[PDB]
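One structure is given below, encoded as structure tokens.
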Amino acid sequence: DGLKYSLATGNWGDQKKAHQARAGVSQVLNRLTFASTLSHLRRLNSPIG
Amino acid sequence: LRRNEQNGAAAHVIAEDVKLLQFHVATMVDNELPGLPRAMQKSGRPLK
Amino acid sequence: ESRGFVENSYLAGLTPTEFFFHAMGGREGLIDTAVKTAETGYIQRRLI
Amino acid sequence: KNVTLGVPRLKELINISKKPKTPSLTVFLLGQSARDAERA
Amino acid sequence: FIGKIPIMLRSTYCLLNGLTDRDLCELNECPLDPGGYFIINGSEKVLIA
DNA sequence: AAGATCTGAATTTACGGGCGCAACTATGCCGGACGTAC
RNA sequence: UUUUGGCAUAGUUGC
DNA sequence: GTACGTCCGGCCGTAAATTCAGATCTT
């Protein structure tokens with residue numbers, strides 16, 4: 001479940017310490033058009049930090 | 001704490017009860033302040 | 001051209017370096033639009 | 001020169017601040033130093 | 001046994017590894033689908049870099 | 001005159017705020033203990 | 001014969 | 001006897017606080 005939850009919700013770190021966990025790493029794949037799917041799969045996120 | 005005083009229980013446990021009650025009322029009105037840690041709902045989420 | 005003076009018109013089309021520097025230039029337009037929208041209302045709500 | 005303007009300056013004017021970004025004194029002269037560059 | 005690891009689609013361990021387009025059609029999988037995502041509770045999840 | 005005090009005047013942490021709304025999605029809080037059946 | 005509803009999040013997107 | 005299985009207990013602006021120079025008292 002531990003991987004599964006983290007991939008299901010996109011909260012990364014300890015599950016019980018999700019208050020300070022980095023969020024939005026895993027996202028539901030955007031299936032609207034093939035270009036959007038490819039663009040989503042080749043995506044980089046820069047956190048604020 | 002009520003049943004402690006009805007029983008006439010010890011003083012240190014009564015003081016601990018007063019401490020926890022102070023924390024509980026303070027985080028019931030305001031669950032954010034630079035004091036004791038926040039209150040969670042036993043589900044890993046802070047109380048509003 | 002080294003420091004980002006693009007000499008072709010939009011009709012003539014920009015070269016690769018010119019195109020990249022133009023994208024860099026327009027990025028500030030997008031960002032300052034974003035921060036303007038971030039400051040929309042705040043000054044206005046404080047004033048009202 | 002370079003002086004702060006736009007919504008930062010308007011912010012500071014309404015958000016009255018002890019620290020200006022670009023504090024200045026547009027100071028004028030009255031004697032012959034007004035016209036004499038050397039004396040200025 | 002110690003658990004279950006989610007498998008990125010069309011990786012070296014997904015069942016669609018190195019399958020021709022005909023077999024992908026027989027499994028009702030689009031041969032143009034690039035893969036690179038997990039299936040968690042049926043939802044397609046992609047990890048943003 | 002000297003002092004101690006001592007009382008008003010220069011330097012360090014620490015909350016606490018941080019666009020209008022729309023729209024859509026997707027995910028979410030156990031382990032001992034006691035009985036009953038087979 | 002007259003109902004109806006999860007709350008708080010997180011992400012994405014429109015002006 | 002064994003296990004299961006399901007029912008009960010655990011940035012910047014104030015603003016306070018710390019240290020240094022008159023001043024009356026103390027000596």
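By order of appearance in the structure tokens: chains A, B, ..., then residues from 1 within every chain, and ligands from 1 in the order shown.
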Inset, instruction - Would you list, as a ChimeraX atom specification, the residues of chain C that end up in alpha helix (DSSP H) under DSSP run on this structure's backbone? - result: /C:16-38,42-47
Keeping N, CA and C atoms, export the residues of the selection given above as a PDB file, in the first residue's frame.
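This went into again_20.pdb:
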```pdb
ATOM      1  N   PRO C  16      17.678  30.764 -34.999  1.00  0.00           N
ATOM      2  CA  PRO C  16      17.563  30.034 -33.717  1.00  0.00           C
ATOM      3  C   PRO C  16      17.958  30.834 -32.484  1.00  0.00           C
ATOM      4  N   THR C  17      19.113  31.502 -32.519  1.00  0.00           N
ATOM      5  CA  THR C  17      19.520  32.323 -31.384  1.00  0.00           C
ATOM      6  C   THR C  17      18.543  33.473 -31.176  1.00  0.00           C
ATOM      7  N   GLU C  18      18.143  34.123 -32.272  1.00  0.00           N
ATOM      8  CA  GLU C  18      17.178  35.212 -32.197  1.00  0.00           C
ATOM      9  C   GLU C  18      15.851  34.731 -31.628  1.00  0.00           C
ATOM     10  N   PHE C  19      15.397  33.554 -32.062  1.00  0.00           N
ATOM     11  CA  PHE C  19      14.149  32.998 -31.550  1.00  0.00           C
ATOM     12  C   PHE C  19      14.237  32.720 -30.054  1.00  0.00           C
ATOM     13  N   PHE C  20      15.351  32.137 -29.604  1.00  0.00           N
ATOM     14  CA  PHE C  20      15.487  31.827 -28.183  1.00  0.00           C
ATOM     15  C   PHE C  20      15.528  33.097 -27.341  1.00  0.00           C
ATOM     16  N   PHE C  21      16.258  34.116 -27.802  1.00  0.00           N
ATOM     17  CA  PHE C  21      16.291  35.371 -27.058  1.00  0.00           C
ATOM     18  C   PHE C  21      14.929  36.057 -27.058  1.00  0.00           C
ATOM     19  N   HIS C  22      14.167  35.938 -28.146  1.00  0.00           N
ATOM     20  CA  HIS C  22      12.820  36.500 -28.154  1.00  0.00           C
ATOM     21  C   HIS C  22      11.911  35.771 -27.171  1.00  0.00           C
ATOM     22  N   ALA C  23      12.058  34.447 -27.068  1.00  0.00           N
ATOM     23  CA  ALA C  23      11.301  33.698 -26.069  1.00  0.00           C
ATOM     24  C   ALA C  23      11.671  34.144 -24.660  1.00  0.00           C
ATOM     25  N   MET C  24      12.965  34.367 -24.417  1.00  0.00           N
ATOM     26  CA  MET C  24      13.399  34.904 -23.131  1.00  0.00           C
ATOM     27  C   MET C  24      12.756  36.256 -22.857  1.00  0.00           C
ATOM     28  N   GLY C  25      12.676  37.109 -23.878  1.00  0.00           N
ATOM     29  CA  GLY C  25      12.053  38.411 -23.696  1.00  0.00           C
ATOM     30  C   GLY C  25      10.576  38.317 -23.357  1.00  0.00           C
ATOM     31  N   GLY C  26       9.838  37.465 -24.073  1.00  0.00           N
ATOM     32  CA  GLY C  26       8.414  37.308 -23.805  1.00  0.00           C
ATOM     33  C   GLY C  26       8.104  36.618 -22.491  1.00  0.00           C
ATOM     34  N   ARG C  27       9.059  35.849 -21.961  1.00  0.00           N
ATOM     35  CA  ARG C  27       8.841  35.197 -20.674  1.00  0.00           C
ATOM     36  C   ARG C  27       8.628  36.221 -19.565  1.00  0.00           C
ATOM     37  N   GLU C  28       9.355  37.342 -19.604  1.00  0.00           N
ATOM     38  CA  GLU C  28       9.126  38.386 -18.610  1.00  0.00           C
ATOM     39  C   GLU C  28       7.745  39.004 -18.755  1.00  0.00           C
ATOM     40  N   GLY C  29       7.246  39.141 -19.984  1.00  0.00           N
ATOM     41  CA  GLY C  29       5.883  39.615 -20.164  1.00  0.00           C
ATOM     42  C   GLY C  29       4.873  38.692 -19.513  1.00  0.00           C
ATOM     43  N   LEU C  30       5.035  37.386 -19.723  1.00  0.00           N
ATOM     44  CA  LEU C  30       4.128  36.439 -19.077  1.00  0.00           C
ATOM     45  C   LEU C  30       4.249  36.501 -17.552  1.00  0.00           C
ATOM     46  N   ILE C  31       5.476  36.605 -17.033  1.00  0.00           N
ATOM     47  CA  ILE C  31       5.667  36.576 -15.583  1.00  0.00           C
ATOM     48  C   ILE C  31       5.109  37.840 -14.939  1.00  0.00           C
ATOM     49  N   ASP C  32       5.365  39.003 -15.539  1.00  0.00           N
ATOM     50  CA  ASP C  32       4.883  40.233 -14.928  1.00  0.00           C
ATOM     51  C   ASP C  32       3.374  40.371 -15.102  1.00  0.00           C
ATOM     52  N   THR C  33       2.793  39.758 -16.142  1.00  0.00           N
ATOM     53  CA  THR C  33       1.341  39.596 -16.173  1.00  0.00           C
ATOM     54  C   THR C  33       0.866  38.771 -14.981  1.00  0.00           C
ATOM     55  N   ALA C  34       1.578  37.679 -14.687  1.00  0.00           N
ATOM     56  CA  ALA C  34       1.185  36.820 -13.574  1.00  0.00           C
ATOM     57  C   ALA C  34       1.266  37.559 -12.241  1.00  0.00           C
ATOM     58  N   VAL C  35       2.326  38.341 -12.030  1.00  0.00           N
ATOM     59  CA  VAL C  35       2.462  39.020 -10.743  1.00  0.00           C
ATOM     60  C   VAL C  35       1.502  40.207 -10.652  1.00  0.00           C
ATOM     61  N   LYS C  36       1.152  40.825 -11.787  1.00  0.00           N
ATOM     62  CA  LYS C  36       0.104  41.838 -11.778  1.00  0.00           C
ATOM     63  C   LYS C  36      -1.216  41.234 -11.333  1.00  0.00           C
ATOM     64  N   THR C  37      -1.553  40.060 -11.882  1.00  0.00           N
ATOM     65  CA  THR C  37      -2.772  39.383 -11.459  1.00  0.00           C
ATOM     66  C   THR C  37      -2.681  38.969  -9.996  1.00  0.00           C
ATOM     67  N   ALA C  38      -1.480  38.624  -9.525  1.00  0.00           N
ATOM     68  CA  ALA C  38      -1.290  38.298  -8.112  1.00  0.00           C
ATOM     69  C   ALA C  38      -1.582  39.502  -7.223  1.00  0.00           C
ATOM     70  N   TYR C  42      -5.579  43.318  -4.222  1.00  0.00           N
ATOM     71  CA  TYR C  42      -4.992  43.476  -2.895  1.00  0.00           C
ATOM     72  C   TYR C  42      -4.862  44.948  -2.521  1.00  0.00           C
ATOM     73  N   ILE C  43      -4.223  45.729  -3.392  1.00  0.00           N
ATOM     74  CA  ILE C  43      -4.150  47.170  -3.181  1.00  0.00           C
ATOM     75  C   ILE C  43      -5.553  47.760  -3.191  1.00  0.00           C
ATOM     76  N   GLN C  44      -6.395  47.285  -4.108  1.00  0.00           N
ATOM     77  CA  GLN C  44      -7.749  47.813  -4.224  1.00  0.00           C
ATOM     78  C   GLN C  44      -8.581  47.497  -2.986  1.00  0.00           C
ATOM     79  N   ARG C  45      -8.475  46.272  -2.463  1.00  0.00           N
ATOM     80  CA  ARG C  45      -9.275  45.928  -1.294  1.00  0.00           C
ATOM     81  C   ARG C  45      -8.761  46.655  -0.059  1.00  0.00           C
ATOM     82  N   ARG C  46      -7.449  46.871   0.032  1.00  0.00           N
ATOM     83  CA  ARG C  46      -6.934  47.657   1.144  1.00  0.00           C
ATOM     84  C   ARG C  46      -7.441  49.096   1.077  1.00  0.00           C
ATOM     85  N   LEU C  47      -7.433  49.691  -0.121  1.00  0.00           N
ATOM     86  CA  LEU C  47      -7.898  51.067  -0.277  1.00  0.00           C
ATOM     87  C   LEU C  47      -9.382  51.202   0.052  1.00  0.00           C
TER      88      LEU C  47
END
```
Inset, instruction - For residue 29 in chain F, please output as JSON, numbers by chain all residues within 10 Å (counting only C-alpha atoms (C1' of nucleotides); exclusion window: fewer than 5 positions along the same chain). - result: {"B": [41, 42, 43, 44, 45]}
Dump as a CSV table (one decimal), in the first residue's frame, selection limited to N, CA and C atoms:
```csv
chain,number,residue,atom,x,y,z
B,41,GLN,N,-6.7,14.9,14.5
B,41,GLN,CA,-8.0,14.2,14.7
B,41,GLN,C,-7.9,12.7,14.8
B,42,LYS,N,-6.7,12.2,15.1
B,42,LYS,CA,-6.3,10.8,15.0
B,42,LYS,C,-6.3,10.2,13.6
B,43,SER,N,-6.4,11.1,12.6
B,43,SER,CA,-6.4,10.7,11.2
B,43,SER,C,-5.3,11.4,10.4
B,44,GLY,N,-4.3,11.9,11.1
B,44,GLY,CA,-3.2,12.6,10.4
B,44,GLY,C,-3.7,13.9,9.7
B,45,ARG,N,-4.5,14.7,10.3
B,45,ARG,CA,-5.0,15.9,9.8
B,45,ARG,C,-5.3,16.9,10.9
```
Legend entry - Two-atom distance - CA of residue 8 in chain E, CA of residue 35 in chain E (Å):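 Taking CA of residue 8 in chain E as the start and CA of residue 35 in chain E as the end point, the length is 7.3 Å.
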Inset, instruction - Figure out the distance between CA of residue 16 in chain B and CA of residue 36 in chain B, please, to one decimal in Å. - result: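 One can read the CA of residue 36 in chain B to CA of residue 16 in chain B distance as 14.4 Å.
One finds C1' of residue 37 in chain F at 13.0 Å from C1' of residue 1 in chain H.
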May I have a table of the residues of chain F lying at most 10 Å from chain B, giving each one's closest pair of atoms and their distance in Å to one decimal, counting only C-alpha atoms (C1' of nucleotides), ordered by chain and ascending residue number, as a tab-separated table?
```
residue	atom	partner	partner_atom	distance
F:14	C1'	B:34	CA	9.1
F:15	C1'	B:34	CA	8.2
F:28	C1'	B:43	CA	9.6
F:29	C1'	B:43	CA	4.4
```
Inset, instruction - Considering only C-alpha atoms (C1' of nucleotides), extract the chain B residues located within 10 Å of chain G and return them as a list in words. - result: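 Only these qualify: residues 45, 46, 47 and 48 of chain B.
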Within 9 Å of chain A, which residues of chain F show up? Give each one with its shortest atom-to-atom distance in Å (one decimal) and the two atoms involved, counting only C-alpha atoms (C1' of nucleotides), rows by chain then rising residue number, as a Markdown table.
```
| residue | atom | partner | partner_atom | distance |
| --- | --- | --- | --- | --- |
| F:25 | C1' | A:28 | CA | 8.3 |
| F:26 | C1' | A:9 | CA | 7.8 |
| F:27 | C1' | A:9 | CA | 5.9 |
| F:28 | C1' | A:9 | CA | 9.0 |
```
Atoms to include: C-alpha atoms (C1' of nucleotides). Write the selected residues as a PDB file, in the first residue's frame.
```pdb
ATOM      1  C1'  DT F  25     -10.441  15.703 -11.657  1.00  0.00           C
ATOM      2  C1'  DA F  26      -8.989  12.169  -7.783  1.00  0.00           C
ATOM      3  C1'  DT F  27      -8.077  10.613  -2.785  1.00  0.00           C
ATOM      4  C1'  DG F  28      -8.984   9.871   1.972  1.00  0.00           C
TER       5       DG F  28
END
```
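Nearest-residue note for chain F: choosing from C:15, C:40, C:2, C:8, the minimum distance belongs to C:40, counting only C-alpha atoms (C1' of nucleotides).
Near residue 23 in chain B, within a cut-off of 12 Å and counting only C-alpha atoms (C1' of nucleotides), sit the residues residues 16, 17, 29, 30, 31, 32, 33, 35, 36, 37, 38 and 39 of chain B, with same-chain residues fewer than 6 positions away left out.
With only C-alpha atoms (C1' of nucleotides) as the basis for measurement, E:40 is the residue among E:32, E:40, E:27, E:48 that approaches chain F most closely.
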Inset, instruction - Output as a ChimeraX atom specification all residues of chain E that backbone DSSP marks as strand (DSSP E). - result: /E:38-40,43-47
Quick check: residues of chain A within 6 Å of chain E, only C-alpha atoms, returned as a compact mmCIF listing (two decimals) with N, CA and C atoms, in the first residue's frame.
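Output below, filename out_10.txt:
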```
# COMPACT_ATOMS: atom_id res chain seq x y z
N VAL A 25 3.65 15.18 -7.02
CA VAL A 25 4.66 14.50 -7.82
C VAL A 25 4.00 13.59 -8.85
N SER A 26 3.04 12.79 -8.40
CA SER A 26 2.29 11.88 -9.27
C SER A 26 0.95 12.51 -9.60
N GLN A 27 0.62 12.56 -10.89
CA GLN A 27 -0.60 13.18 -11.38
C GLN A 27 -1.33 12.22 -12.29
N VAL A 28 -2.66 12.32 -12.31
CA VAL A 28 -3.44 11.52 -13.24
C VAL A 28 -3.08 11.92 -14.66
N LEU A 29 -2.79 10.93 -15.50
CA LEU A 29 -2.33 11.21 -16.86
C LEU A 29 -3.43 11.89 -17.66
N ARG A 43 7.39 15.96 -18.64
CA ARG A 43 7.20 17.17 -17.85
C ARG A 43 8.12 17.23 -16.63
N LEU A 44 8.61 18.45 -16.37
CA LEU A 44 9.49 18.76 -15.26
C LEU A 44 8.79 19.77 -14.37
```
Legend entry - Contacts of residue 6 in chain A within 10 Å, only C-alpha atoms (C1' of nucleotides), excl. fewer than 3 positions in-chain, as a PyMOL selection string: chain A and resi 1-3+9-15+18+23-26
Inset, instruction - Would you list the contacts of range 25-39 of chain D as an MDAnalysis selection string, taking every protein, DNA or RNA residue within 12 Å and counting only C-alpha atoms (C1' of nucleotides), but skipping same-chain residues closer than 3 positions in sequence? - result: chainID D and resid 1 3 22
